[PDB]
Amino acid sequence: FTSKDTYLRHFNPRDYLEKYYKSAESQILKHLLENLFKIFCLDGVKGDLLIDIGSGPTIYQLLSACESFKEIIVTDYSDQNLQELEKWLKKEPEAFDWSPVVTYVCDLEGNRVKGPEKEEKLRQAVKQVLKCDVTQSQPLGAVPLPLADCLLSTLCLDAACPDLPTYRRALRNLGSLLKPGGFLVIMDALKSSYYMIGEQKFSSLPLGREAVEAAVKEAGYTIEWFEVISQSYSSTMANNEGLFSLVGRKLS
Ligand SMILES: Nc1ncnc2c1ncn2[C@@H]1O[C@H](CSCC[C@H](N)C(=O)O)[C@@H](O)[C@H]1O
Ligand SMILES: C[n+]1cccc(C(N)=O)c1
């Protein structure tokens, strides 16, 4: 199973963005964006602080979220990935072009702003960029942070967790960052055992709906929403059966 080490040496953040975020990849990103819209815009989910866990080099998962949460902390294990994110934050020439994705979100949200203004609201929202390891009982390190109103994690936990016990423990580690009554939002692959960035292979925990749901409940959360798309990534990308999106509340 892919080690943390392999992420630092061999996960190329720009290639990942080229592979997935420029087909099945399109159809899945469309669906994830519509779920995020639903969760952050239509549903309750609101607050002062959202912490995004395993952000990678991506910002798509934060586009509707910056409308509901004053402040966003982005986090990942790989500093190389956070640096790729930071290129976008700082509006650098070589930064990835999220404009097609941003426009789609603006569309979903009733065209009340244009892309530029939406991007400026996300850049304004992101307050800290920090290191994170979900396998650590203190995932963000030795210094305390304020407790979050929401924890967001997209396509991270299956890749971070080599087995079911570690998966449960990661949910409890992350819970320590969340205030009681805080929301846990997870989107991840279903029954996937690997994914690809070009020729480089990464492991995935092949988890099913029942296993995900039982694990989230055991870790001390209620499930408010669980939704499945049974769309696999392209044949050279992953062997997932589909993707899930769950919303949970930490117990009070
Ligand atoms: N132990 C760990 N703790 C936190 N993040 C980890 C981790 N192991 C791997 N990761 C990170 O998990 C991410 C998976 S790629 C997911 C990126 C993004 N959230 C998206 O939705 O596309 C990578 O950025 C990788 O560095
Ligand atoms: C980061 N990522 C992207 C696509 C699929 C997977 C997976 N866990 O199968 C992970």
# chains A, B, ... in the order shown; residues from 1 in each chain; ligands from 1
>>> residues_around(residues="residue 208 of chain A", least_positions_apart="4", cutoff="9 Å", atoms="only C-alpha atoms", output="count of residues only")
6
>>> residues_around(residues="residue 45 of chain A", least_positions_apart="5", cutoff="10 Å", atoms="only C-alpha atoms", output="ChimeraX atom specification")
/A:38-40,65,68-69,149-150,182-185,247
>>> residues_near_ligand(ligand="ligand 2", cutoff="9 Å", atoms="only C-alpha atoms and all ligand atoms", output="mmCIF file with C-alpha atoms, in the first residue's frame")
data_model
loop_
_atom_site.group_PDB
_atom_site.id
_atom_site.type_symbol
_atom_site.label_atom_id
_atom_site.label_comp_id
_atom_site.auth_asym_id
_atom_site.auth_seq_id
_atom_site.Cartn_x
_atom_site.Cartn_y
_atom_site.Cartn_z
ATOM 1 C CA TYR A 16 -2.718 15.244 -11.278
ATOM 2 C CA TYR A 20 -8.381 14.894 -13.576
ATOM 3 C CA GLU A 25 -13.420 12.618 -15.265
ATOM 4 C CA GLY A 56 -4.085 18.335 -2.817
ATOM 5 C CA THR A 154 -12.409 15.082 -1.086
ATOM 6 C CA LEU A 155 -10.719 11.954 -2.533
ATOM 7 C CA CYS A 156 -8.223 11.773 0.347
ATOM 8 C CA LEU A 157 -9.134 9.155 2.965
ATOM 9 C CA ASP A 158 -9.214 6.092 0.648
ATOM 10 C CA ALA A 159 -5.720 7.109 -0.523
ATOM 11 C CA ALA A 160 -4.381 7.984 2.958
ATOM 12 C CA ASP A 188 -14.457 9.699 -2.098
ATOM 13 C CA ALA A 189 -14.252 6.718 -4.486
ATOM 14 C CA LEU A 190 -16.314 3.549 -3.961
ATOM 15 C CA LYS A 191 -14.597 0.152 -4.085
ATOM 16 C CA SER A 192 -11.442 1.519 -5.682
ATOM 17 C CA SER A 193 -8.096 -0.212 -5.004
ATOM 18 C CA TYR A 194 -5.820 1.990 -7.124
ATOM 19 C CA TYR A 195 -5.791 5.249 -9.091
ATOM 20 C CA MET A 196 -3.311 6.590 -11.670
ATOM 21 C CA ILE A 197 -1.470 9.773 -12.468
ATOM 22 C CA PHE A 202 -1.359 4.973 -6.094
ATOM 23 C CA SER A 203 -3.214 2.709 -3.684
ATOM 24 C CA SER A 204 -6.831 3.136 -2.620
ATOM 25 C CA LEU A 205 -8.871 1.546 0.188
ATOM 26 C CA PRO A 206 -11.638 -0.374 -1.654
ATOM 27 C CA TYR A 233 -13.149 6.956 -13.846
ATOM 28 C CA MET A 237 -7.415 6.156 -14.293
ATOM 29 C CA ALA A 238 -8.909 3.971 -11.541
ATOM 30 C CA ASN A 239 -10.929 0.806 -10.879
ATOM 31 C CA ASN A 240 -13.611 2.483 -8.733
ATOM 32 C CA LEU A 243 -18.166 7.830 -5.868
#
>>> residues_around(residues="residue 109 of chain A", least_positions_apart="5", cutoff="12 Å", atoms="only C-alpha atoms", output="PyMOL selection string")
chain A and resi 33-34+36-38+40-42+63-65+67+102-104+114-115+118
>>> residues_around(residues="residue 181 of chain A", least_positions_apart="6", cutoff="6 Å", atoms="only C-alpha atoms", output="ChimeraX atom specification")
/A:249-252
>>> write_last_selection(atoms="N, CA and C atoms", output="mmCIF file, in the first residue's frame")
data_model
loop_
_atom_site.group_PDB
_atom_site.id
_atom_site.type_symbol
_atom_site.label_atom_id
_atom_site.label_comp_id
_atom_site.auth_asym_id
_atom_site.auth_seq_id
_atom_site.Cartn_x
_atom_site.Cartn_y
_atom_site.Cartn_z
ATOM 1 N N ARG A 249 -22.784 14.831 11.058
ATOM 2 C CA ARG A 249 -22.668 15.762 12.163
ATOM 3 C C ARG A 249 -21.985 15.054 13.312
ATOM 4 N N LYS A 250 -20.981 15.699 13.893
ATOM 5 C CA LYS A 250 -20.362 15.206 15.114
ATOM 6 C C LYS A 250 -21.376 15.364 16.255
ATOM 7 N N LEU A 251 -21.492 14.340 17.097
ATOM 8 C CA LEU A 251 -22.468 14.356 18.200
ATOM 9 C C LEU A 251 -22.149 15.420 19.256
ATOM 10 N N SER A 252 -23.198 15.971 19.875
ATOM 11 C CA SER A 252 -23.057 16.948 20.963
ATOM 12 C C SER A 252 -23.173 16.265 22.324
#
>>> closest_atom_pairs(of="chain A", to="ligand 1", cutoff="9 Å", atoms="only C-alpha atoms and all ligand atoms", output="JSON lines")
{"residue": "A:2", "atom": "CA", "partner": "ligand 1", "partner_atom_place_in_ligand_line": "8 (N)", "distance": 8.7}
{"residue": "A:3", "atom": "CA", "partner": "ligand 1", "partner_atom_place_in_ligand_line": "8 (N)", "distance": 7.7}
{"residue": "A:4", "atom": "CA", "partner": "ligand 1", "partner_atom_place_in_ligand_line": "8 (N)", "distance": 5.4}
{"residue": "A:5", "atom": "CA", "partner": "ligand 1", "partner_atom_place_in_ligand_line": "8 (N)", "distance": 8.8}
{"residue": "A:6", "atom": "CA", "partner": "ligand 1", "partner_atom_place_in_ligand_line": "9 (C)", "distance": 9.0}
{"residue": "A:7", "atom": "CA", "partner": "ligand 1", "partner_atom_place_in_ligand_line": "26 (O)", "distance": 5.6}
{"residue": "A:8", "atom": "CA", "partner": "ligand 1", "partner_atom_place_in_ligand_line": "26 (O)", "distance": 7.2}
{"residue": "A:11", "atom": "CA", "partner": "ligand 1", "partner_atom_place_in_ligand_line": "26 (O)", "distance": 7.3}
{"residue": "A:13", "atom": "CA", "partner": "ligand 1", "partner_atom_place_in_ligand_line": "24 (O)", "distance": 7.8}
{"residue": "A:16", "atom": "CA", "partner": "ligand 1", "partner_atom_place_in_ligand_line": "15 (S)", "distance": 7.9}
{"residue": "A:17", "atom": "CA", "partner": "ligand 1", "partner_atom_place_in_ligand_line": "22 (O)", "distance": 8.1}
{"residue": "A:20", "atom": "CA", "partner": "ligand 1", "partner_atom_place_in_ligand_line": "22 (O)", "distance": 7.7}
{"residue": "A:21", "atom": "CA", "partner": "ligand 1", "partner_atom_place_in_ligand_line": "22 (O)", "distance": 8.1}
{"residue": "A:52", "atom": "CA", "partner": "ligand 1", "partner_atom_place_in_ligand_line": "19 (N)", "distance": 7.9}
{"residue": "A:53", "atom": "CA", "partner": "ligand 1", "partner_atom_place_in_ligand_line": "4 (C)", "distance": 6.5}
{"residue": "A:54", "atom": "CA", "partner": "ligand 1", "partner_atom_place_in_ligand_line": "5 (N)", "distance": 4.2}
{"residue": "A:55", "atom": "CA", "partner": "ligand 1", "partner_atom_place_in_ligand_line": "19 (N)", "distance": 3.7}
{"residue": "A:56", "atom": "CA", "partner": "ligand 1", "partner_atom_place_in_ligand_line": "24 (O)", "distance": 3.1}
{"residue": "A:57", "atom": "CA", "partner": "ligand 1", "partner_atom_place_in_ligand_line": "17 (C)", "distance": 6.3}
{"residue": "A:58", "atom": "CA", "partner": "ligand 1", "partner_atom_place_in_ligand_line": "18 (C)", "distance": 5.3}
{"residue": "A:59", "atom": "CA", "partner": "ligand 1", "partner_atom_place_in_ligand_line": "18 (C)", "distance": 7.8}
{"residue": "A:60", "atom": "CA", "partner": "ligand 1", "partner_atom_place_in_ligand_line": "21 (O)", "distance": 7.7}
{"residue": "A:61", "atom": "CA", "partner": "ligand 1", "partner_atom_place_in_ligand_line": "21 (O)", "distance": 6.6}
{"residue": "A:75", "atom": "CA", "partner": "ligand 1", "partner_atom_place_in_ligand_line": "4 (C)", "distance": 7.6}
{"residue": "A:76", "atom": "CA", "partner": "ligand 1", "partner_atom_place_in_ligand_line": "5 (N)", "distance": 4.7}
{"residue": "A:77", "atom": "CA", "partner": "ligand 1", "partner_atom_place_in_ligand_line": "5 (N)", "distance": 4.3}
{"residue": "A:78", "atom": "CA", "partner": "ligand 1", "partner_atom_place_in_ligand_line": "26 (O)", "distance": 4.6}
{"residue": "A:79", "atom": "CA", "partner": "ligand 1", "partner_atom_place_in_ligand_line": "26 (O)", "distance": 8.1}
{"residue": "A:80", "atom": "CA", "partner": "ligand 1", "partner_atom_place_in_ligand_line": "26 (O)", "distance": 8.5}
{"residue": "A:81", "atom": "CA", "partner": "ligand 1", "partner_atom_place_in_ligand_line": "24 (O)", "distance": 6.0}
{"residue": "A:82", "atom": "CA", "partner": "ligand 1", "partner_atom_place_in_ligand_line": "24 (O)", "distance": 8.1}
{"residue": "A:131", "atom": "CA", "partner": "ligand 1", "partner_atom_place_in_ligand_line": "4 (C)", "distance": 8.0}
{"residue": "A:132", "atom": "CA", "partner": "ligand 1", "partner_atom_place_in_ligand_line": "4 (C)", "distance": 5.0}
{"residue": "A:133", "atom": "CA", "partner": "ligand 1", "partner_atom_place_in_ligand_line": "3 (N)", "distance": 3.4}
{"residue": "A:134", "atom": "CA", "partner": "ligand 1", "partner_atom_place_in_ligand_line": "3 (N)", "distance": 4.2}
{"residue": "A:135", "atom": "CA", "partner": "ligand 1", "partner_atom_place_in_ligand_line": "1 (N)", "distance": 5.5}
{"residue": "A:136", "atom": "CA", "partner": "ligand 1", "partner_atom_place_in_ligand_line": "1 (N)", "distance": 8.0}
{"residue": "A:139", "atom": "CA", "partner": "ligand 1", "partner_atom_place_in_ligand_line": "3 (N)", "distance": 7.5}
{"residue": "A:152", "atom": "CA", "partner": "ligand 1", "partner_atom_place_in_ligand_line": "19 (N)", "distance": 8.9}
{"residue": "A:153", "atom": "CA", "partner": "ligand 1", "partner_atom_place_in_ligand_line": "19 (N)", "distance": 6.3}
{"residue": "A:154", "atom": "CA", "partner": "ligand 1", "partner_atom_place_in_ligand_line": "21 (O)", "distance": 4.1}
{"residue": "A:155", "atom": "CA", "partner": "ligand 1", "partner_atom_place_in_ligand_line": "16 (C)", "distance": 4.7}
{"residue": "A:156", "atom": "CA", "partner": "ligand 1", "partner_atom_place_in_ligand_line": "12 (O)", "distance": 4.2}
{"residue": "A:157", "atom": "CA", "partner": "ligand 1", "partner_atom_place_in_ligand_line": "12 (O)", "distance": 7.0}
{"residue": "A:158", "atom": "CA", "partner": "ligand 1", "partner_atom_place_in_ligand_line": "14 (C)", "distance": 8.4}
{"residue": "A:159", "atom": "CA", "partner": "ligand 1", "partner_atom_place_in_ligand_line": "9 (C)", "distance": 5.9}
{"residue": "A:160", "atom": "CA", "partner": "ligand 1", "partner_atom_place_in_ligand_line": "8 (N)", "distance": 3.9}
{"residue": "A:161", "atom": "CA", "partner": "ligand 1", "partner_atom_place_in_ligand_line": "1 (N)", "distance": 7.0}
{"residue": "A:170", "atom": "CA", "partner": "ligand 1", "partner_atom_place_in_ligand_line": "3 (N)", "distance": 8.8}
{"residue": "A:187", "atom": "CA", "partner": "ligand 1", "partner_atom_place_in_ligand_line": "21 (O)", "distance": 7.9}
{"residue": "A:188", "atom": "CA", "partner": "ligand 1", "partner_atom_place_in_ligand_line": "21 (O)", "distance": 8.0}
>>> closest_residue(among="A:108, A:32, A:74, A:143", to="residue 242 of chain A", atoms="only C-alpha atoms")
A:32
>>> select_by_dssp(residues="segment 137-246 of chain A", states="helix (DSSP H, G or I)", output="NGL selection string")
:A and (157-160 or 164-175 or 209-218)
>>> write_last_selection(atoms="C-alpha atoms", output="PDB file, in the first residue's frame")
ATOM      1  CA  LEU A 157      -9.134   9.155   2.965  1.00  0.00           C
ATOM      2  CA  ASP A 158      -9.214   6.092   0.648  1.00  0.00           C
ATOM      3  CA  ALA A 159      -5.720   7.109  -0.523  1.00  0.00           C
ATOM      4  CA  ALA A 160      -4.381   7.984   2.958  1.00  0.00           C
ATOM      5  CA  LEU A 164     -10.185  -0.246   7.723  1.00  0.00           C
ATOM      6  CA  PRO A 165      -8.790   0.251  11.291  1.00  0.00           C
ATOM      7  CA  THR A 166      -6.631   3.148  10.077  1.00  0.00           C
ATOM      8  CA  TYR A 167      -9.652   4.527   8.219  1.00  0.00           C
ATOM      9  CA  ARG A 168     -11.737   4.578  11.453  1.00  0.00           C
ATOM     10  CA  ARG A 169      -8.860   6.105  13.409  1.00  0.00           C
ATOM     11  CA  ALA A 170      -8.417   8.845  10.793  1.00  0.00           C
ATOM     12  CA  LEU A 171     -12.101   9.738  11.221  1.00  0.00           C
ATOM     13  CA  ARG A 172     -11.554  10.070  14.990  1.00  0.00           C
ATOM     14  CA  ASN A 173      -8.281  12.014  14.520  1.00  0.00           C
ATOM     15  CA  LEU A 174     -10.094  14.475  12.246  1.00  0.00           C
ATOM     16  CA  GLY A 175     -13.001  14.684  14.729  1.00  0.00           C
ATOM     17  CA  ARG A 209     -21.192   2.199   1.036  1.00  0.00           C
ATOM     18  CA  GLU A 210     -22.073   0.052   4.072  1.00  0.00           C
ATOM     19  CA  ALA A 211     -18.439   0.077   5.261  1.00  0.00           C
ATOM     20  CA  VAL A 212     -18.071   3.844   4.862  1.00  0.00           C
ATOM     21  CA  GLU A 213     -21.375   4.468   6.669  1.00  0.00           C
ATOM     22  CA  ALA A 214     -20.657   2.066   9.552  1.00  0.00           C
ATOM     23  CA  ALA A 215     -17.163   3.586   9.996  1.00  0.00           C
ATOM     24  CA  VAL A 216     -18.443   7.188  10.062  1.00  0.00           C
ATOM     25  CA  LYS A 217     -21.114   6.205  12.622  1.00  0.00           C
ATOM     26  CA  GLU A 218     -18.617   4.316  14.817  1.00  0.00           C
TER      27      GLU A 218
END
>>> select_by_dssp(residues="segment 46-175 of chain A", states="strand (DSSP E)", output="PDB file with N, CA and C atoms, in the first residue's frame")
ATOM      1  N   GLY A  47     -20.876  28.400   8.406  1.00  0.00           N
ATOM      2  CA  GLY A  47     -20.107  28.683   9.618  1.00  0.00           C
ATOM      3  C   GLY A  47     -18.988  29.682   9.432  1.00  0.00           C
ATOM      4  N   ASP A  48     -18.181  29.848  10.480  1.00  0.00           N
ATOM      5  CA  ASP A  48     -17.004  30.722  10.445  1.00  0.00           C
ATOM      6  C   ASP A  48     -15.764  30.020   9.891  1.00  0.00           C
ATOM      7  N   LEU A  49     -15.633  28.723  10.134  1.00  0.00           N
ATOM      8  CA  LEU A  49     -14.399  28.022   9.768  1.00  0.00           C
ATOM      9  C   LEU A  49     -14.633  26.658   9.133  1.00  0.00           C
ATOM     10  N   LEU A  50     -14.100  26.496   7.925  1.00  0.00           N
ATOM     11  CA  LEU A  50     -14.041  25.194   7.272  1.00  0.00           C
ATOM     12  C   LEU A  50     -12.587  24.779   7.114  1.00  0.00           C
ATOM     13  N   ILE A  51     -12.284  23.556   7.537  1.00  0.00           N
ATOM     14  CA  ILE A  51     -10.974  22.974   7.280  1.00  0.00           C
ATOM     15  C   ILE A  51     -11.103  21.872   6.231  1.00  0.00           C
ATOM     16  N   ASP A  52     -10.330  22.034   5.158  1.00  0.00           N
ATOM     17  CA  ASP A  52     -10.275  21.102   4.053  1.00  0.00           C
ATOM     18  C   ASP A  52      -9.061  20.191   4.256  1.00  0.00           C
ATOM     19  N   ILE A  53      -9.317  18.882   4.312  1.00  0.00           N
ATOM     20  CA  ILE A  53      -8.316  17.872   4.664  1.00  0.00           C
ATOM     21  C   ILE A  53      -7.869  17.086   3.425  1.00  0.00           C
ATOM     22  N   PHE A  69     -18.808  29.753   4.336  1.00  0.00           N
ATOM     23  CA  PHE A  69     -17.824  29.819   5.403  1.00  0.00           C
ATOM     24  C   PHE A  69     -16.915  31.017   5.256  1.00  0.00           C
ATOM     25  N   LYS A  70     -16.874  31.850   6.298  1.00  0.00           N
ATOM     26  CA  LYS A  70     -16.029  33.049   6.293  1.00  0.00           C
ATOM     27  C   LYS A  70     -14.592  32.684   5.988  1.00  0.00           C
ATOM     28  N   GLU A  71     -14.080  31.675   6.695  1.00  0.00           N
ATOM     29  CA  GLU A  71     -12.659  31.340   6.628  1.00  0.00           C
ATOM     30  C   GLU A  71     -12.410  29.880   6.301  1.00  0.00           C
ATOM     31  N   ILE A  72     -11.451  29.653   5.408  1.00  0.00           N
ATOM     32  CA  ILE A  72     -11.101  28.314   4.948  1.00  0.00           C
ATOM     33  C   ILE A  72      -9.625  28.058   5.222  1.00  0.00           C
ATOM     34  N   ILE A  73      -9.342  26.907   5.810  1.00  0.00           N
ATOM     35  CA  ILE A  73      -7.982  26.445   5.967  1.00  0.00           C
ATOM     36  C   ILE A  73      -7.811  25.273   5.012  1.00  0.00           C
ATOM     37  N   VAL A  74      -6.837  25.371   4.115  1.00  0.00           N
ATOM     38  CA  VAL A  74      -6.500  24.246   3.253  1.00  0.00           C
ATOM     39  C   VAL A  74      -5.310  23.459   3.798  1.00  0.00           C
ATOM     40  N   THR A  75      -5.365  22.140   3.650  1.00  0.00           N
ATOM     41  CA  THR A  75      -4.372  21.260   4.268  1.00  0.00           C
ATOM     42  C   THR A  75      -4.072  20.035   3.413  1.00  0.00           C
ATOM     43  N   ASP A  76      -2.822  19.573   3.493  1.00  0.00           N
ATOM     44  CA  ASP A  76      -2.369  18.359   2.813  1.00  0.00           C
ATOM     45  C   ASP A  76      -1.097  17.856   3.455  1.00  0.00           C
ATOM     46  N   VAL A 126      -9.573  31.710   1.943  1.00  0.00           N
ATOM     47  CA  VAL A 126      -8.458  30.863   2.366  1.00  0.00           C
ATOM     48  C   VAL A 126      -7.498  31.624   3.300  1.00  0.00           C
ATOM     49  N   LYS A 127      -7.486  31.235   4.570  1.00  0.00           N
ATOM     50  CA  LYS A 127      -6.777  32.003   5.593  1.00  0.00           C
ATOM     51  C   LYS A 127      -5.466  31.369   6.022  1.00  0.00           C
ATOM     52  N   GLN A 128      -5.419  30.041   6.007  1.00  0.00           N
ATOM     53  CA  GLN A 128      -4.195  29.326   6.364  1.00  0.00           C
ATOM     54  C   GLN A 128      -3.981  28.193   5.393  1.00  0.00           C
ATOM     55  N   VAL A 129      -2.713  27.856   5.171  1.00  0.00           N
ATOM     56  CA  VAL A 129      -2.300  26.734   4.330  1.00  0.00           C
ATOM     57  C   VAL A 129      -1.331  25.898   5.165  1.00  0.00           C
ATOM     58  N   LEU A 130      -1.784  24.731   5.618  1.00  0.00           N
ATOM     59  CA  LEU A 130      -1.068  23.974   6.642  1.00  0.00           C
ATOM     60  C   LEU A 130      -0.811  22.519   6.270  1.00  0.00           C
ATOM     61  N   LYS A 131       0.144  21.920   6.966  1.00  0.00           N
ATOM     62  CA  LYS A 131       0.479  20.520   6.803  1.00  0.00           C
ATOM     63  C   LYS A 131      -0.500  19.667   7.596  1.00  0.00           C
ATOM     64  N   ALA A 148     -13.320  23.602  14.105  1.00  0.00           N
ATOM     65  CA  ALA A 148     -13.991  23.920  12.854  1.00  0.00           C
ATOM     66  C   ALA A 148     -15.508  23.755  12.924  1.00  0.00           C
ATOM     67  N   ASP A 149     -16.207  24.558  12.128  1.00  0.00           N
ATOM     68  CA  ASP A 149     -17.646  24.406  11.923  1.00  0.00           C
ATOM     69  C   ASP A 149     -17.920  23.263  10.928  1.00  0.00           C
ATOM     70  N   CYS A 150     -16.955  23.019  10.048  1.00  0.00           N
ATOM     71  CA  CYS A 150     -17.074  21.984   9.043  1.00  0.00           C
ATOM     72  C   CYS A 150     -15.708  21.410   8.741  1.00  0.00           C
ATOM     73  N   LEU A 151     -15.671  20.099   8.523  1.00  0.00           N
ATOM     74  CA  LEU A 151     -14.490  19.434   7.984  1.00  0.00           C
ATOM     75  C   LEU A 151     -14.827  18.914   6.593  1.00  0.00           C
ATOM     76  N   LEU A 152     -14.021  19.284   5.605  1.00  0.00           N
ATOM     77  CA  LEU A 152     -14.222  18.816   4.239  1.00  0.00           C
ATOM     78  C   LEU A 152     -13.039  17.966   3.825  1.00  0.00           C
ATOM     79  N   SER A 153     -13.322  16.856   3.146  1.00  0.00           N
ATOM     80  CA  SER A 153     -12.263  16.017   2.594  1.00  0.00           C
ATOM     81  C   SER A 153     -12.735  15.346   1.311  1.00  0.00           C
ATOM     82  N   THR A 154     -12.061  15.648   0.206  1.00  0.00           N
ATOM     83  CA  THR A 154     -12.409  15.082  -1.086  1.00  0.00           C
ATOM     84  C   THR A 154     -11.282  14.197  -1.634  1.00  0.00           C
TER      85      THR A 154
END
>>> closest_residue(among="A:9, A:30, A:179, A:46", to="residue 229 of chain A", atoms="only C-alpha atoms")
A:30
